[PDB]
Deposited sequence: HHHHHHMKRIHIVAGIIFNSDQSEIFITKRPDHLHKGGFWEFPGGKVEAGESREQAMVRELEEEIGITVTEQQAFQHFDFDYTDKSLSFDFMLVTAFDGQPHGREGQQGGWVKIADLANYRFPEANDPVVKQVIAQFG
């Protein structure tokens, strides 16, 4: 049985910074691209837009698939979020950082996100 995860690289207007979040150490301890599970009556894109509402307070208006990752069954779709309304905040009690792309390397991410962290960095 499958589960499907969407997650977001939330970009500022210059695309020099991304918004990144850390959950109350529920059970690990790491920063992550905000997201959640896609529900049975919605598309990926739909789920991500909704999730960034719940998670972070923004209304997504522009996004684009960035990278997909599969694991043995577990489906991960990362998108680019380039325009939104609202300004993002930790709406669910999490830590939120606006972090210079330069500096992204500086933070601890679960291994799942590492290739995405590096792709963001490579795509300056």
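Where C-alpha coordinates are absent, the deposited sequence of this PDB chain has the segments 1-7, 34-35, 82-85, 138.
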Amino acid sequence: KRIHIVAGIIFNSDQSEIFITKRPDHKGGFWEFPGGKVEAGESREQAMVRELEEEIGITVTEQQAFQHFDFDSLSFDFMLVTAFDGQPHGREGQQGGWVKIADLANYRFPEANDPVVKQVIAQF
From here on, numbers count along this sequence of modelled residues.
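When 63-71 is weighed against 88-96, 63-71 comes out higher, by mean CA B-factor as recorded in the entry. The mean Cα B-factor in the deposited entry runs higher for 28-36 than for the other of 76-84 and 28-36. Sorting the modelled residues of the chain by their CA temperature factor places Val120 in the middle third.
Per the PDB record, residue ranking by Cα B-factor puts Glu17 in the lowest third of the chain.
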